[PDB]
Structures are given as structure tokens and as C-alpha cells.
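Student: So I've got this experimental structure, pasted below with the sequence.
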Amino acid sequence: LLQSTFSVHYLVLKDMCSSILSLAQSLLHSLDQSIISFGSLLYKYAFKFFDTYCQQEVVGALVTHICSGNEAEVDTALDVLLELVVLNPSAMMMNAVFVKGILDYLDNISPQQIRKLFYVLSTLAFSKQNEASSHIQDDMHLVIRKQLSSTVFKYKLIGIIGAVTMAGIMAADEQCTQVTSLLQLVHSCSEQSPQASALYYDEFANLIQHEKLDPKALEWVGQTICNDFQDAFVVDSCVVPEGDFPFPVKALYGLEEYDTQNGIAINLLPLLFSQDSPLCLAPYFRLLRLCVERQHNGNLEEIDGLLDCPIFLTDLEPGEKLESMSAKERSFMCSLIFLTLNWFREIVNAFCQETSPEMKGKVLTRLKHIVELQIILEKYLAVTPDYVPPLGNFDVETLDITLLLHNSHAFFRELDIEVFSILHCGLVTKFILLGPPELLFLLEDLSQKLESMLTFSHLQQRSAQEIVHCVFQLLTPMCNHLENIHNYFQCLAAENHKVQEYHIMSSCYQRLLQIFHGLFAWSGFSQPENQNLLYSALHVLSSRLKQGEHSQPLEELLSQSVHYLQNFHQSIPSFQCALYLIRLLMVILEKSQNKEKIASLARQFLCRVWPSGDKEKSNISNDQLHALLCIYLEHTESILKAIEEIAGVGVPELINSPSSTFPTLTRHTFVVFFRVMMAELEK
Amino acid sequence: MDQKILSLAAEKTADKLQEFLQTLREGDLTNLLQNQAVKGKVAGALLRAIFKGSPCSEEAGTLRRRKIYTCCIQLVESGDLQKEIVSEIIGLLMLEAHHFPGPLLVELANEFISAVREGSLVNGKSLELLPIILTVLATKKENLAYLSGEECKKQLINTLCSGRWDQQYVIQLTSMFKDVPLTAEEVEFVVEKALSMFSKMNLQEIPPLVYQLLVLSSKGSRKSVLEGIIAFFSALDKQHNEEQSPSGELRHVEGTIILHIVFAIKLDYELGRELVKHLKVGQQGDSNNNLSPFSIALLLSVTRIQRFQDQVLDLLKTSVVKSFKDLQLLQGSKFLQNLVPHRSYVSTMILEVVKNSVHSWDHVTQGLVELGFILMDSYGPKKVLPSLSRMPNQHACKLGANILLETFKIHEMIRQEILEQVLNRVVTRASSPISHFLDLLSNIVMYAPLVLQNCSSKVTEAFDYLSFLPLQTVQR
DNA sequence: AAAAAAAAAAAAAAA
DNA sequence: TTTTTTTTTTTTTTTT
């Protein structure tokens, strides 16, 4: 409406510019982001349609928003400024002095906005049609140079981010001398804090992976990066190095198809003992990975030795005999296992996209190494809970700074999306005859990624649309096989009636259904562009029974898909996974008489046994039962008659067992059953 | 000669570079001179090599560091280099200047002060090193004696601000002080020396100095900067009035100091409260000499900041009625005429603002129009449908019409904003007395119907409302 | 004996 | 300037 309003009637509106800008400013001070979006559009169109005085008033208004500001208003103003430098940089150049003046007021601004701010300022700066007013280059260089040259890490991060952002925008031979001199300055100021050099490596890596830019500085730097890495950590494979260590130092976790009496091995324990440079291992490998992917176009022919090289570590046997010692050596072990896990995660991030099958076997051995180190590290955290090895992700967690659930997503290096190319492979079973925890790990990651995105540094620079677009390939026709193999496992597990296998596979099932629920509850399907993707997606869910019925109507595909999906309700081991199945069926059946299937399936889950393990009945906790009975009582056609069914079976609890002819009915469950009963009676 | 320094710097530190440093003892000046003659990247390479070859735990290398500091500090100004080597030198010195004791940084800062007193800083790009050094004195917790290093920072700042500054390095000396963590007293010293330096400069190098003062104000001292710029430009306005007994220089300078104070009030809503508190007339009754044609143009421009609009217009309204009360009191009595020497009144100052605004001050004139109609709307008759309710209200309401009639004549764009608002008060009110608006509309028309045939349709749209008016309003 | 769930009271924000 | 409603926190009671 606002687009049509301005684009048609911008001669009626012209003479009343200032009142519009007095309006727009009030619709940026509010909460309720649809209002803020409206205000943003008013500033965009006031800039776009009006004459050269009102453009200047618009830019002045946005600069006042940024500088004076509070968080969301600052973000919105920086978003509008990015649109205004993209749209018409000629009329934005005449208002360069306002935007240059933002640099005197950078204490209010937080570093997620500082990346955007230097993006705006550099995008204004590096147009060759206004080299004569290069004053903003000088002022940007000054504020970079004053930040970079400071002991305080809170300023040094500003300097690093602004510096590499200037560098990245000025990379589309004198210009290359400028970029290399700037980057050498950043390197020199970073070298002497470790986490500062880490943030340099991290942010430079993000700059590579997001913007590919003219690869002249990249091939310039990468010939130094490979050499610096191969003398910084790469040692000849000698078993025991120098130094006095109260720990047997070996070359552990080598893949052993590699010859042992060879070259490349990676030094960890003499590095971290010398600290008390090893903390930058993973981001520096990420940078190396990205520059060689830019050079050899995905080929890592000189870095395949990094995949299988042993690691110079102590004996990482579970030290239960090494108790009564929680001294600094305990933190040494915990930090060591943490650093090698981050290293390993960077390896599996590195070699996941490669298609060579023996290399895929190497990657899978790396994944099983990861899960063994994770269970060892959680054992070491069960030794001492207080000894945090604090190494957050550098974008957001470090400025917050400057048990297993927090460090699972905040501390470790973040897996990439292409790491889920691994689960093309099919499971193998150790008990019945890619292991079950090696699938649990990937699915436990993917569920967290989907809930974070649809309801996390490298992820969120991808749009939600491309995320669900790549999920459509990299989940559904790949995870359907894992679902069917899981169904086949649980059929044999039902026929037979060790425990850790089934216990892991239950959580694997739960995560598969949770991913399915998070996928099919995507609100972007409500918008009229994405239903063709549904005409893909449930079509594949339709294709698991029979093919040949191509170009079908929508509700036919829905009926075929739910008819495929229903049958899993016999193989469901637990309660929460059942809840996820029925909620998935709910949210896919809302696209279309339907209530009969949901009511029957809820009744099937209510009359199912759900056996009497103590933690198993603990997974039939109150809120999950509450949600399930809300679904059942709402989705029955005869609500009061269903209440007579439940109260008719609500009386024989006391007469049989002090446990009913209708299970999930104890004395304890009747609080939940009663509350949902009279609650739905009220509704 | 440099290649052996690079080859010793390649593998390890402080084991061969120090030993080569005790071979060649002198002649690093001409080395770096021929180095900038050939290539500046090689000079940065040698600077990194020397700085890693000369640690600050040992005391032999610190003297080489000091000598190369003085060498680069002199060559960054005196030596006409290319810009990139200048940036690399200043970046390298600013980076490596952390690792020191107290007195070496203290004598570096003393060299800076002694240079900026007398020594011809050929450009003055070395000054960027100066705040970094003082910042390290903020964090140097190694004890000195003469004191704490922060007290040495206080004394060096006091020695810098108390001593003479050169005319060409007052913008750069203020821009430097933006990055030193200062307390209230240091920033008051800096603004006091800088405000002292206004009379000895080009007028066109006063707006950017005001800009650096306004961004540097935000730390402690807002009242001092506002009082200083209002006082200095009020004095200049008065001297220009006596010389009439530069103007496109003085008006285009005040027409850019005024925007700086307005923008700094937008980004900072306490600079505006300091301006309103510092200029308010109604302290108890007495009219202050802080109001002038400059300081009133600044109030009228701050009325387009929407938070200050009612507050500043009400301030100028009470500041006009007080002036007329004072003038009536003096004119009625000779005893007061003997004592009090003849003061300019707010009426004459406002009518000077309207004359001044002709050039480029369009920012002012939309606030002149609002003051005009606030004076007329608030002080027009009602008692016919006495001296105190009548004569300082008759005189304000006729100041209003004078503001709007003189503003109408010269500002060719707020015709149809006066003329459709005069008419809109004549037509629609018609119950309350509106003789003053018919007087003003008669003046506006009679003055130039030649300038009203370019804004005429605002008249012929009030012809359609002529039926519903009372008869005397139609005749009038 | 400890942990989890649910309710009630207090604070804060919007009309 | 005043009142209501929602959200968060804390306590108490029940269960494992």
C-alpha cells in the first residue's frame, strides 16, 4: 500500500516531506517490528522520491538514529543506510560528511553493527567518481589505527573488524599494496593478545567464505598462511619431544592407514605447556581451508595429510586412577580435549564436501573420534564442574565476556551445513547385524540449527529460504532411509521382547521427528512462493509408497503423505517422539473430516503401554501428557461424549490397582488428566 | 645492508639481532633516509626487525628505540614522503609505544610539547602518536617519583594547555584530545585554551574547531563551549554593527556554527538543556545580555528539533514581554534614564535576526514565522470586543506583525505560509477579535500585490467562505 | 532428601 | 496521571 501510495502520488506528497519524516521517526521509536519496518519504508521512499533537500534531511535523520539510538533503531537505521548506498550512491555521496561524522560516536555502537557501519562507510568510500573527497578514507584509517594500537581488547576488536571490513570492500597493483599494508598492520597489532589474533583469523575467515572479491590479495596471503601453519604446528612424527612432562606424550588419534614413521604430526601439549598460539589452531585451519578452496577450487591435495596426521597428545585414557587430582593439570587435560575437539570439528567441516570414498571413511573415523572425545570430555567435566575452559565463539560471546548444553552450542566450533552431506550413507547396526551415535551427533546438531533459524555465527549470514532449500535435499530423501532402517530396528526390538544401542536409537528417532516438525511448521510456506517446494517435499514423502502418479492435486499428496507417515506409531519407543509425530501430522494436515485421524492416533497413543522404566515414565512428564490430551480433547468431534468416555474410565483406577484398562492413568497422571478435562470443558 | 637484518630476524629473536645491533652503533638516520628514498615497505620491515631485535627487558635496545623514535618523528613531518610510508611509520610507532617505563614516555611527551611550542612541525602528522603515549601513562602502574603516571599525564596536559599553541595546530591539538581519557578538569583546560585561541585564527577555520570542541564537549564541559561560542560571536556581531556605523563571510560562518550546535543537540539532548538554561531571561524578572542576534538565531534554529520547540518558543515569548515591561518602566521615569545606559532590547535584536536571515539561514525563518504567530495569537486584543495588561501586550502583538511582515517581504518561500495562515485566522475565528490579522493582511497586501500575484490562490480560496462570515469581517 | 511443577504475588508496560 | 493485564520469580507441595 505504501509502495503504491508513494510511487503513484509523489507530487501530492512532495510538498509535505517534513511531516512524513516527523512520522517515520515516531515509527522507529516503537517496538513491534512491523511498525519499525513501516518506518524504515517511509525513510526509504522519502529518500527515493523527494528532491535533494529532503534526501539530506533523511540522511541526517538516520545518522541521528544510529548515533543517539537504542539497539533495534540503530540496526534499522544501518539497514536503511545499506539500502540507500545500494540504491543511489550519487545522492548519498553528497551527504558523505554526516556519515563520516558517525566515527566520533562509536561508543554507543555494538560490534555486530560495527561490521555493517564500516561496510556502509567503505561502500561510500571506494567509488572512483569521488576520489577528490577521500577524507573519509583518512578518517577511517585514523579510527582503525587508534583502535588497533590499544591495549584494551574492547577497542582492538573494533579495530580488527573495521580494518578487515575496509580491506574486504576495497578488494573488488597499488590497491593491493594498500590492502597488504593494512592487513600487515592488523597482524602486527594482533600477534602480541591471543584471542585478538583469534578474532583476526575468525573475521578474516568469514570475509573469505562470504565474499569470494578479486582473488589477488588472497593468493598473496595464502602462500604465507600455508608456510606459517606448516612451521607453526607441523612437527616431524617423533614420539616424545623435549620438555619435562609428568604425562606420557605420544602421537595419538592418527588414522594408522597412514605410515606412522612419517612426517606431519601436530604439536598441542608442548604448546599449551609453554603457554603456562594453540588457541588459534581451529580458526587458522579454517583460514587455510578457505584460501586453498579459493586457490585450487575445492581441491585440498597438499592438506590431505592434515586429515590423518596424529596429534601430539598425552595418554587420554579416562583418568579415574588420576583422582584426588583437580589441580591446574585437570584444567590442562580439559582444555586439551576441548582444543582437539574444536580441531577435529574443523577437520570434519573441511573434508565433508569431498566425494572420495576412502576419504569419506576417514571423515567417518574422524566423527567417531569426535564422539569418543566428547564422552571423555563429559567424563572430565563429571570430575570437576567448576573448571571452565572458556573459549567462546568470537563474534558475540567474547564481547559478552569482555553445563554441557551451553558449551554444546556456544563453546565448540560450529558445524557447517555441508557436514550433513555425510548422512547419504546408511546406518549399520552393531547389535542386530556409520554408527548410531555418529548419526545422533549430526541430528542433534541439525535440530538445534533448525529451531534457531526457523523459530550461531556462520549460519545466520544465510537466509532462512536457502537454509530450508538445502534442508529439502540434505534431509528428506536421505533421512527417510534412516527412518525406515529405524522402523526395521524397532520392529525386531518389539519381536524380541545392548540397552545403550536402543537408548541412542530412541533419541535418534526423537531428533528425526523433531527435525520433521521444525521443517513442516515453517511459516514461509504460508506465503504464496514456497508451495511448489511443498509440491516437491511431500511428493517425496508420497514417493515412499508408490510412484507413477505425477502432477497430482495438493490434498491427494497430503493424504498419501499422512498415509505413509501414520504407520510409524507401532515402532515409537517413547512419549516425546510420539508427541512430535502427532504434532507433525497436525501441522501438515492444517493445509487441507481430518480430525478423525488425529483423534484415533491420539487414542492409540493413550491405549499404548509405554513401559514402566523409571526414566521411561519420567519421559511421560506432565506437560507432554497435557499437550497430548489437549490435542485429543480438541480434535474429537464429540467433546462431551469423549469426556463421558474418560470419566467412565476415570472411576476404575481405585478398583483394580492401588495402571487401568486405559494406560497412562496412574494416581499422579490424574492431576494432568483432570486439569485438561475440565479446562477443555470450560473452553 | 638490510638483508642481514632480515636474515637474522627470520628464525629467532634476541640471540643474533642484538649481537648485530652492537656492531653498527650509529647512522640509522641516513639509513632510513635512503630507505624511504628506495621503498617504504622495506622501512616498515626494518622497523619490525629492530623492534623485535630490541626488547624492553634489556636497557641497551631502549636507547636505539628512543633514537629511532626521534628519527621517525622528525622525518614524518620534515621528510616529504609518500602517504603510505607515513601511515606505516605512525602505525608502527603507535603500536610499539606500549612497552616502556615511565620516564622514557615522559621525555617523549616532553619532546612533543617542546616541539609544538617552538619547533616547526612542517605538517604535524606526528601528533597522532601523542595521545597514545599519554594513554600509556594512564595505565602505567609502575611508580614514579618527582608520583603516579596518571598525575604525570595531568601535569603534561597542564604544561601543554598553559604553554603557547601555534595557530595551525589548534584543530589538530583539539582532535588529539578526543582520544585521551580525560577527567572534568583536563577537558576544561583544553576547551579554555582552545576557546582562547579563536581571536587569532581565520574565520573559516572556526567552524571545524567548533565541531571538534562540540564532540569533545560530551565528556565534561558543555556550558563552557556554548558560553564561549555565543560570547565570541556576540562580540563579533557588535563590532560589525559599530564598523557599519567580511557581511557574507560573517553570516556564512554563523550559518555553519548554528547547524553544528543544532546537530550536536539532536545527537545529545543535554547540550540543548544547557543552551536553554544558559539563555533563559526569566531568572526572576531581569533581562540578560546573553541574548544577541547570534544567540537568538540559535534559539530559532533549535525549534526545529521537535523536543525543544514549545520550550524555546515560550522562552522567546517571555523574553519579549519582559523587554517591553523594562522599556516602559524606563521611558516613564527620568531617574532611571540617568542611571541605566541605553540597552538594546529583544525587539531590536529580533528585527536584526530577520534582516540577517536573508542570505542562507532558511533554518531560522520557519521559526521566525512560528514566533510571529505565537506573539500575535497570545497577545492580541480581547478586552474590547489600563497600561500593564495593554501596553506590553499591544507592543508584543505589533512585534509579531512586524516579524511576519518583514519575514514575508524577503523570504520568497514562506509566502503562502503566512498568507494562508493569516487568512485561516481571519475566516475561521470570526467570534474572537481579529483586527490585528486584518491589519497584518492589509499591510501584506498593500506592500506588494506585485509579490502577491505569485501566491494569490490562497486569497481566492477564502472568497468561497465569504458568505458565512459576519458582516463587519466581510467589509474589513 | 532433593528436584520439579504449579500457583500467587509483584513489577512493568500500555491505553 | 491512573488502572489493568501479562510476565516473571519465588515459594510450597508432591513425587521419586
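Tutor: Okay, I see it. Numbers count the residues shown, from 1 in each chain, chains lettered A, B, ... in the order given.

Student: Now the spatially most central residue of chain B: which helix or strand?
Tutor: Centroid-nearest residue in chain B: residue B:210, 3.3 Å away (criterion: C-alpha atoms, centre = their mean). In the assignment (DSSP states H and E), residue B:210 maps to helix B:207-217.

Student: do that helix and chain A meet?
Tutor: Yes. Using C-beta under 8 Å from any C-beta of the partner chain, helix B:207-217 reaches chain A at residue B:215. Every residue, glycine included, has its C-beta placed from N, CA and C.

Student: Which stretches in the stretch 201-350 of chain A count as strands?
Tutor: Here the stretch 201-350 of chain A has its strands, by DSSP state E, counting those that start in this stretch, at A:234-236, A:250-252, A:264-267, A:311-313.

Student: Which secondary structure state does the residue of the stretch 151-300 of chain B found nearest DNA strand D sit in?
Tutor: Proximity of the stretch 151-300 of chain B to DNA strand D (C-beta to the nearest atom of the strand) peaks at residue B:269, 18.8 Å away. Put simply, residue B:269 is coil when judged by DSSP: H, G, I helix; E, B strand; the rest coil.

Student: Identify the residue spatially nearest to it, adjacent ones excluded.
Tutor: Excluding its sequence neighbours, the residue lying closest to residue B:269 (C-beta to C-beta, 6 or more residues apart in numbering or on different chains) is residue B:307, at 6.6 Å.

Student: again with residue A:171
Tutor: Counting by C-beta to C-beta, 6+ apart, the residue nearest residue A:171 is residue A:213, at 4.2 Å.

Student: Counting neighbours, what do you get for residue A:322?
Tutor: 14 (other C-beta atoms under 10 Å in any protein chain shown).

Student: Make TSV out of the strands of the stretch 201-350 of chain A and add mean neighbour count and distance to DNA strand D.
Tutor: Formatted as TSV, these follow (neighbours: other C-beta atoms under 10 Å in any protein chain shown; distance: least, C-beta to the nearest atom of the strand, whole Å):
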stretch	mean neighbour count	distance to DNA strand D
strand A:234-236	13	49
strand A:250-252	18	40
strand A:264-267	21	44
strand A:311-313	22	40
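
Student: The ones you listed: which one's closest to DNA strand C?
Tutor: strand A:311-313 (34.3 Å).

Student: ok, the closest one: who's next to it in the sheet?
Tutor: Partner strands for strand A:311-313, per DSSP bridges, with pairing direction: strand A:250-252 (antiparallel), strand A:264-267 (parallel).

Student: Save those as a markdown table, and put in distance to residue B:476 too.
Tutor: Listed next are these as a markdown table, based on distance: least, C-beta to C-beta, whole Å:
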| stretch | distance to residue B:476 |
| --- | --- |
| strand A:250-252 | 104 |
| strand A:264-267 | 98 |
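
Student: between the ones you listed, which gets nearest to residue A:27?
Tutor: Among the strands paired with strand A:311-313, strand A:264-267 comes nearest to residue A:27, with 55.4 Å by C-beta to C-beta.

Student: still on that earlier bit, how many neighbours does the residue nearest to residue B:269 have?
Tutor: 13.

Student: My understanding was that it contacts residue B:272; is that so?
Tutor: Yes. With contacts defined as C-beta atoms under 8 Å, residue B:307 counts as touching residue B:272 at a distance of 7.4 Å.

Student: other SSEs contacting the longest helix anywhere in chain A?
Tutor: The helix that spans the most residues within chain A, counting by DSSP state H, is helix A:357-383. Using 3 or more C-beta pairs under 8 Å, 6 or more residues apart in numbering or on different chains; DSSP states H and E, the elements in contact with helix A:357-383 are helix A:304-308, helix A:328-350, helix A:436-454.

Student: Adding distance to residue A:21, write these out as TSV.
Tutor: TSV is the format used below for the helices and strands packed on helix A:357-383 (distance: least, C-beta to C-beta, whole Å):
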stretch	distance to residue A:21
helix A:304-308	56
helix A:328-350	47
helix A:436-454	35
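
Student: now those as a markdown table including distance to DNA strand C?
Tutor: Formatted as a markdown table, the helices and strands packed on helix A:357-383 follow (distance: least, C-beta to the nearest atom of the strand, whole Å):
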| stretch | distance to DNA strand C |
| --- | --- |
| helix A:304-308 | 41 |
| helix A:328-350 | 23 |
| helix A:436-454 | 19 |
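
Student: Between these, which one is closest to DNA strand D.
Tutor: With C-beta to the nearest atom of the strand as the criterion, DNA strand D lies closest to helix A:436-454 of these, at 17.8 Å.

Student: Would you mind listing the buried residues in the following helix or strand past the closest one?
Tutor: Scanning forward in sequence from helix A:436-454 by DSSP H and E, the next helix or strand is helix A:464-474. Neighbour-count burial for helix A:464-474 flags A:467, A:468, A:471, A:472, A:474 (criterion: 16 or more other C-beta atoms under 10 Å in any protein chain shown).

Student: Does residue B:289 belong to a helix, a strand or coil?
Tutor: The three-state label given to residue B:289 by three-state DSSP is coil.

Student: List the contacts of it.
Tutor: Residues near residue B:289 by C-beta atoms under 8 Å, 6 or more residues apart in numbering or on different chains: residue B:343.

Student: again with residue A:678
Tutor: Listed by C-beta under 8 Å, 6+ apart, residue A:678 has no contact partners.

Student: Mind telling me what element it is part of?
Tutor: For residue A:678, the host element (DSSP H and E) is helix A:669-682.

Student: Show me which positions of that helix end up buried.
Tutor: A:669, A:672, A:673, A:676, A:677, A:680.

Student: list the contacts for the third one?
Tutor: Yep, that's residue A:673 we're talking about. So residue A:673 contacts A:625, A:629, A:646, A:650, A:665 (C-beta under 8 Å, 6+ apart).

Student: who in the stretch 1-150 of chain B is up against chain A?
Tutor: B:41, B:44, B:48, B:84, B:87-88, B:90-92, B:94-95, B:97-98, B:128, B:131-132, B:135, B:139.

Student: Pull out the buried members of those residues.
Tutor: B:41, B:44, B:48, B:84, B:87-88, B:90-92, B:94-95, B:97-98, B:128, B:131-132, B:135.

Student: rewinding a little: so for the longest helix of chain A, what gets flagged as buried?
Tutor: Going by neighbour count (16+ other C-beta under 10 Å), the buried part of helix A:357-383 is A:359-360, A:362-367, A:369-371, A:373-374, A:376-377, A:380-381, A:383.
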